[PDB]
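Colleague:
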Amino acid sequence: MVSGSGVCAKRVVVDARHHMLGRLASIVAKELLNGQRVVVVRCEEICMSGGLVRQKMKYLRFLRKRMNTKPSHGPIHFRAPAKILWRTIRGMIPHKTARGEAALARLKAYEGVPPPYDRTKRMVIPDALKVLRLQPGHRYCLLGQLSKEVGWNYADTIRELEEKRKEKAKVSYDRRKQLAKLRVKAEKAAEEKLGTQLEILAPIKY
Amino acid sequence: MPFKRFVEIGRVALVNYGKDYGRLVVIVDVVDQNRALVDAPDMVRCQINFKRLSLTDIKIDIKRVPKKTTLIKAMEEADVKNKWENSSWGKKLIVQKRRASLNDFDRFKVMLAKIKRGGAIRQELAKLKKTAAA
Amino acid sequence: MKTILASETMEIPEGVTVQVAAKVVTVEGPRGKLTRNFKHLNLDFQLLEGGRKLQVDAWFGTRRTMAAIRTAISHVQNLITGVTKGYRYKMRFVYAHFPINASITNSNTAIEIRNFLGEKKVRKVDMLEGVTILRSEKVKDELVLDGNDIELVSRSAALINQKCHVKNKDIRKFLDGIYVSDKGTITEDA
Amino acid sequence: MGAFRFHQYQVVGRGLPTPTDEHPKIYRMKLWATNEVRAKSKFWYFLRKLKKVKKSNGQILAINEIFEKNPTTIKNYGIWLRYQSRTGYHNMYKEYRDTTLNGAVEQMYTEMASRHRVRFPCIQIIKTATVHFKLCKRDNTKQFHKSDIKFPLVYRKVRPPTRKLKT
Amino acid sequence: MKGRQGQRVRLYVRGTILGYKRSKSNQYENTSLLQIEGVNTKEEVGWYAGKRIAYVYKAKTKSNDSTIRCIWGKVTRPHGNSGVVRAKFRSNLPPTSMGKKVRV
Amino acid sequence: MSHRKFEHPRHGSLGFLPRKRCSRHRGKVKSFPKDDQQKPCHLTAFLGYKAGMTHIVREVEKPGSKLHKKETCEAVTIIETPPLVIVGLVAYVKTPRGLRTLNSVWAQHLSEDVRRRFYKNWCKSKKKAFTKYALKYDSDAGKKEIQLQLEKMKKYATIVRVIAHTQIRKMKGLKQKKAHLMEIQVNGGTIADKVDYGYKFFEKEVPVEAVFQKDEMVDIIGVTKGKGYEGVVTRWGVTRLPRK
RNA sequence: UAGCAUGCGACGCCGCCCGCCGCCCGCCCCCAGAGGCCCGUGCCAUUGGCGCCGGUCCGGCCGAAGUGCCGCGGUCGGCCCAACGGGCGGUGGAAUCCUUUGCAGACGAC
RNA sequence: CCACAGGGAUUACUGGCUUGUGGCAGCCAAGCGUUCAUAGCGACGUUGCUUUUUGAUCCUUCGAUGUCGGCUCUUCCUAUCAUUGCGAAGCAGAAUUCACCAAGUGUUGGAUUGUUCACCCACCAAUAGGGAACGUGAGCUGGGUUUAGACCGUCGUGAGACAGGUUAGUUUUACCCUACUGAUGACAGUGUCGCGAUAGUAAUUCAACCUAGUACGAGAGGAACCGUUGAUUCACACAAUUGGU
RNA sequence: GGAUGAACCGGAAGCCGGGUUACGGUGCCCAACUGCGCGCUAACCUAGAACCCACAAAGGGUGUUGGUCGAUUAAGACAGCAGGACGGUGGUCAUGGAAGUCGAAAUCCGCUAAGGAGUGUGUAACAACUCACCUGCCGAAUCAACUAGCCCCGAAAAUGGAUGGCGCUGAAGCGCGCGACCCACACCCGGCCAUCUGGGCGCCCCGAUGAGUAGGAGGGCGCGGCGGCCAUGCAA
RNA sequence: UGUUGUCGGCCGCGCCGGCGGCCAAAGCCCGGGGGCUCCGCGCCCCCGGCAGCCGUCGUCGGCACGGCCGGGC
């Protein structure tokens, strides 16, 4: 039904927290093809369904493949969750054509938050995870749980995740304490609110 | 979710689609753990395999087994639950519906005017903030 | 798939209090405290009046779910017993020619075994949780490992025994080590 | 009911035939189907299966359906059944919880398909047998529903029912 | 499940292109003007701003350029507001590809 | 097989490859010993220039084998290691894109040393009074700018590094007069104390004697002698091919 | 070990620049188990009496860069050209080569 | 002694298909191992996998795919010879025997023969097998095979012939593209110091001493772990010394 | 359409235009469903009609679901834990030796409420403990057996990983039903080119079929010089 | 020469409504009997009057739009 994340003429920020990596990538590839400029944030907190060993073997067949065969130059394998997401986008888009390459170059994937995009990130129409590993439904694996077993960028990324989360928790806690104060004096001035002839036909359309 | 599935009465449920074109329902007869008969007072009964029809919070006061007269009586006793229904939990659609009805002249002047006042309220609200602030 | 399920409720004994927050449960009694996380399918874990009843319940069930609920009940019974009554594993040193000298380093909480099979390099592994080891030497036989938490006590017990394994010739031939003699245990006055 | 599942078609008929004192004698074999298109075909499988006739040495008099029979309402149908998997057709006696004759086919087609593996070519069953609720023998879903009718247990699993949102 | 809230989303729906203006000397970009036959509801234009119109570039059906280019634009703004709307296309269109039925 | 047959280890390492020109003439460390000791009196490295080789006799130590206790020769490289100017304290941040320098606090005196730093380094050989290096602010306006930078640095916990250079006119055998710039990390105890000690170490020179003890185990880093271009036998250690 | 062509940072910064603005010429085209001007002429558009937002002086918080936001006291303003640019104009503050050599080297490079 | 027109319409030959043959495996387990199917050994029969021997076919080339063997040089597989960690034993030690995981590194030097293969000798921790156009001739080599000369044996009346042996018997090209090794090298507000997405890999193994003439053992013999020393092999580098120039 | 693809599927094509479809497909790459009702799988099985090309067998599997049949159950089961067993007589054969417990008769009863000449552990052999049956504690289903699906196993190869790729898992696998959609030059429709039906005044019109190598049959374009007719040329 | 409104033809689209087919019937209210379950609830089945409205075949009835092409009164 209406896809409630999707089009905006310009936006584009996507929350990856416990979203499904290939499902999020599929919408992101479509927004990128449409000419959007897409920033996926919290790539460390994104999820892939399936049992850890079987996810670990897929990537690992790339990791033995990272070694050989040798000029140098690529075939290449990214250790870290934004770059794993970028590797996913560079298969989702037709990846041999200027329209596709120009769409790829409009994506960025950032780990934690970049330095501040404090306009909220938004969830994709049910991309998100809880159920899609179903209760049970066996394991899932986080990209920041994959990339600890593959390497840095990850490691710095999860240490910067930690600090950016701790400080924005503190800054959230107090902004909420003032917002509640503003809400309470706002609601009392709607409880009061002066009168009507025209004006209360609108709250009979909530 | 596998969810609520069952086998009991009193529990109103709300639609995740079908024909009809409605619809809200309550489960009258309960008839294993998939199949169930859902009906409504002024709505048509159907027996569905209905995983993917989900049941709302507000519950109506009846006991187990309902034919038609009994169901009607229960509805009469309750009502109120439909209001919660017009509003809220599932339920929502009468407040929303109040929304859809509105791209229309008389309806458009009622709106500028809600707006115009809304502004006066922002201005009073803002004055208040300024006295509170410092 | 499906099938279906129900609630199971356990009386808490008077010498035990319980407190639950999120899916972490804390169980506390006069042998100490035990804190464990019960995450599982469709399944909630709660205290219906503290000092009355621990409840585990779920709205969904199948052969796998019922196995997990059965493991969960054994874990909680085990916790309740550990906080009032404790756990003990009792374990005996055996050396058939070379004196093995085992003791506890209380700082860096660990049990260290010297002259294992003539090995110059001391073998040690930690102790997990506030488990306590007593070595009641006599000849240098009996080691008693006591705690509230079974999981962590057992890993500590399994680890001492594990510390001695040699796999290199002959399962028959080399009996030098410390072996589990118990399972473990009652509670008690004296 | 809405977009079928298998209304049973009551075909009375004949067998219309020859200048010899013979003639064929009377049958139904009452067959579950979607309207005439299944019938025509259904008869050639019945005629190949029981009597051997021809196609032409079956003639069909009239067809009557059944119109909501069951009124929505219930039974947990005993079905005597044939599934084709890793060879030919194997018998099965399935008694399962359902709504109705519309539902019984699908629950069989889905259970013969998953449970029994069956793929297309297959033809249907032999019979479907109402039974009483206390009687229903074997096993899991139906036993619980039998218990639900008892009651106590219409009013058990409300005990998830009313326990999703909360009280 | 899907937790129907939802919104609605339906494919329908046909419309026609009125005519596409490709102009320069060098200040303007490009315009396309679009007519859906009746459709989007005054609410469903309004709630939205943001129609994607995807039209298949299908053989239509002499021998056509049957290519794996399906083109999908976006509707910028009503100019016509209870009917006709302005639209833009981002690749630029097929030949004189004015006319052909527009769909979502 | 297929072949053959009579099979060999492969000549000349692959961890020592690409066998290719180094990008700059002066070696560069990608990682350091860990902070496990005293504060930034512990500069993590020092420099010198290789003079040649000499040789030593020492009274030894070991005991297990046959020859023991007692005199031995062991072979020696001599390096001239004159005292080196730690000019400035460089503030590195941990970021999820790697380290990033933030701002740098400078002593009052590098002043032929920055003109030498502008000699390949930057370019054009230092004759009548040029290249230019910027002058210090008004003193304590610029020291408050610097001490406001110290404030940010010593609150947000910078991984402290030093810009240092070799004051080369203290060597003689390179008759050359030019400074060689380097990045040396500073390692030690707690991070505030580590910034403080690095500050008190840029406002005056550092000799070898303050970073290394005699006998200490030191990793030495350089750029090999150049040959030019070569074939495989003298470049990877492969065989000559034999027939007459 | 290699590695700013991941399309990066920092430090140090300079025969006329560039810091701040008048006037004109091209490209894309909100936040959010619901919400977001008092008296007037005048078809319009222009154009006049007269709480809530937008550049600003001065400073802080994520920011550790790029990058942003939000406030104590006032001022230019309301109820086209952001991200780029391209100028007519006012006011105001280096390196290659060379020559001789090499720690370097086929040339170039260093 | 050859020559010509053609053919991959048709051979040798590399490749491809097949996989009887070959190699390897699973199943079943008669049976043997004092007694004991399964420590080990294991028939008949039976199902497979590989594609590296042989056979088959005739799809590909006859306006041309250079031959065997060798060498050197890069890379790989695993059905693992050693090394690591393992399980069993008819594992008392202890030499071992079979098997599991496992491809990181090792896997040699010589005597006969063109040989591949294989036989032999001392070594060794063990001196594994299998692919990359039987890897490798715009690298080499040129001993065999396989021209023209000639001998012998056999056959043939003879010219001459043989999967019969022997002596002698040639190795072209200045790299256009591409590939990599290595050096240069614009855009961008500058040089320099840096970061580090990512790309290559570095250590392998042995002997001996401590332990201990201990454990284990009737005895004979004869271990382990660390702790120590040194050296085989590989890598990088320097040149005080010793050695070459 | 099938990733590519002489001969598989759809389909037989004049050119163009529009419409609807076939085969096949609808998560992205890629138009169009992250479609509905239900059920199975968690192995990344797995995205596969057919193909030298897509392998997987004999045989095995308390993985899991499902169907069925027999027997056993509150005249209390299955399992576990706990508890009862005197005497004939150290059972007859055989044999160093069985004597409960190498091998082989034989398996009854008094005395009894239950109480087998005994289930596995023994010492050269002699030496004890448990157990059949019966009972308690517990409380609800248990056991046997046929049949079937999917999965699992058997399952080792050579420069580098894929079902075309990203790659999914209460599905973007699989099966049983179902709804709506997409998609050719097909089929329709509009307008037009040959031949043929023919028709009508050197010309016009109605409708049908109408790819193409070898190739037959027929109409036409261009070259160069000749003749009769007919021009062009100081700018051919 | 280009464009836009339209009248006529062709095809597409969604929605609404009636009647007959299954002698019509789910149905509900009224009235009577039987069974199961025999622990009672509840479940079932059959028959007459009767609001009622159902899923599907066939058929007819009513509207509104678009695309393409052209210009009988």
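Residue numbers (the authors' numbering), protein chains in the order written: chain LK, 1 to 206; chain LN, 1 to 134; chain LF, 1 to 190; chain LS, 1 to 167; chain Lj, 1 to 104; chain LC, 1 to 244.
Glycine is no exception: its CB is placed at the ideal position from the N, C-alpha and C atoms.
(1) Does the segment 67-80 of chain LK come into contact with the segment 130-142 of chain LK, if we say contact requires no fewer than three beta-carbon pairs (one atom in each stretch) closer than 8 angstroms?
(2) Using a Cβ-Cβ distance under 9 angstroms, would LN:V15 count as near chain LK?
(3) Quick one, are the C-beta atoms of LN:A40 and LN:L53 less than 9 angstroms apart?
(4) What residues in its chain sit with their C-beta under 8 angstroms from that of LF:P99, if we drop five residues either side in the sequence?
(5) Can you look up LS:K51 in the DSSP assignment and give me helix, strand or coil?
(6) Tell me the DSSP bridge mates of residue 196 of chain LF?
(7) Is LS:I79 closer than 9 angstroms to LN:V31 when the C-beta atoms are compared?
(8) Taking Cβ-Cβ distances below 7 angstroms as the criterion, which residues of the segment 3-27 of chain LF are in contact with chain LS?
(9) How should LF:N37 be labelled, buried or exposed, when 16 other C-beta atoms within 10 angstroms of its C-beta is the threshold for buried?
(10) Would a C-beta distance cut-off of 9 angstroms place LF:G32 and LF:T17 closer than the cut-off?
(11) How far does the beta strand (DSSP E) with LC:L181 in it reach, from first residue to last?
(12) Pull up the DSSP beta-bridge partners for LN:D29, would you.
(13) Which same chain residues end up closer than 6 angstroms to LF:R123 when comparing Cβ atoms and leaving out the 5 residues on each side of it in sequence?
(14) Look up LC:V29 in the DSSP assignment and give the residues it is bridged to.
(15) I'd like to know if Lj:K21 contacts chain LK, where contact means its C-beta is closer than 9 angstroms to some C-beta of that chain.
(16) Closest to LF:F60 by C-alpha separation, out of LF:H75, LF:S7, LF:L79, LF:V27, would be which residue?
(17) Mind the definition here: the segment 58-74 of chain LS touches the segment 33-50 of chain LS only if three or more C-beta pairs lie below 8 angstroms; say whether that holds.
(18) What is the rounded straight-line gap between the Cα of LC:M182 and the Cα of LC:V162?
(19) I'd like to know whether the C-beta of LS:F6 is nearer than 9 angstroms to at least one C-beta of chain LN.
(20) Tell me the DSSP secondary structure of LS:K142 in three-state form.
(21) May I ask you to list the residues that DSSP assigns as paired with LK:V13?
(22) Who are the near neighbours of Lj:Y55 in its chain, counting only those whose CB is closer than 8 angstroms to its CB and skipping five residues on each side?
(23) Within a Cβ cutoff of 7 angstroms, which residues of the same chain sit near Lj:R90, ignoring the five residues on either side of it in sequence?
(24) Counting only C-beta atoms, is LC:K94 closer than 9 angstroms to chain LK at any point?
(25) Consult DSSP for LS:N64 and reduce its assignment to one of helix, strand or coil.
(26) Between LS:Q84 and LS:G15, how many whole angstroms is the CB-CB distance? I'm expecting something under 8 angstroms.
(27) I'd like to know if the segment 141-150 of chain LF and the segment 78-93 of chain LF are in contact, where contact means that at least 3 CB-CB pairs between them fall below 8 angstroms.
(28) Could you please give the first and the last residue of the uninterrupted alpha helix (DSSP H) stretch that includes LF:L79?
(29) To be precise: take each residue of the segment 25-51 of chain LF, compare its Cβ to all Cβ atoms of chain LK, and keep it if any distance is under 8 angstroms. Which residues remain?
(30) Return the first residue and the last residue of the alpha helix (DSSP H) that LN:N82 is part of.
(31) Would you be able to state if there are at least three C-beta pairs under 8 angstroms between the segment 43-52 of chain LK and the segment 134-148 of chain LK?
(32) Using only alpha-carbon positions, find the residue among LF:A72, LF:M10, LF:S156 that is nearest to LF:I111.
(33) So, for LS:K157: in the same chain, excluding its five sequence neighbours on each side, which residues have a beta-carbon less than 8 angstroms away from its beta-carbon?
(34) Rounding to the nearest angstrom, what Cα-Cα distance links LN:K67 and LS:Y155 in this structure?
Modeller: On the basis of the supplied data:
(1) no
(2) no
(3) no
(4) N115, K140
(5) helix
(6) Nothing can be reported for residue 196 of chain LF, as the shown portion of chain LF is limited to 1 through 190.
(7) no
(8) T3, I4
(9) exposed
(10) no
(11) 180-185
(12) LN:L37
(13) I113, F116, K163
(14) Looking at the DSSP assignment, LC:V29 forms no beta bridge with any residue, so it has no partner.
(15) no
(16) LF:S7
(17) yes
(18) 8 angstroms
(19) no
(20) helix
(21) LK:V39
(22) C70, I71, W72, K100, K101, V102, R103
(23) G73
(24) yes
(25) strand
(26) Rounded, the Cβ-Cβ distance is 29 angstroms, inconsistent with contact.
(27) yes
(28) 63-84
(29) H40, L41, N42
(30) 81-87
(31) yes
(32) LF:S156
(33) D148
(34) 17 angstroms
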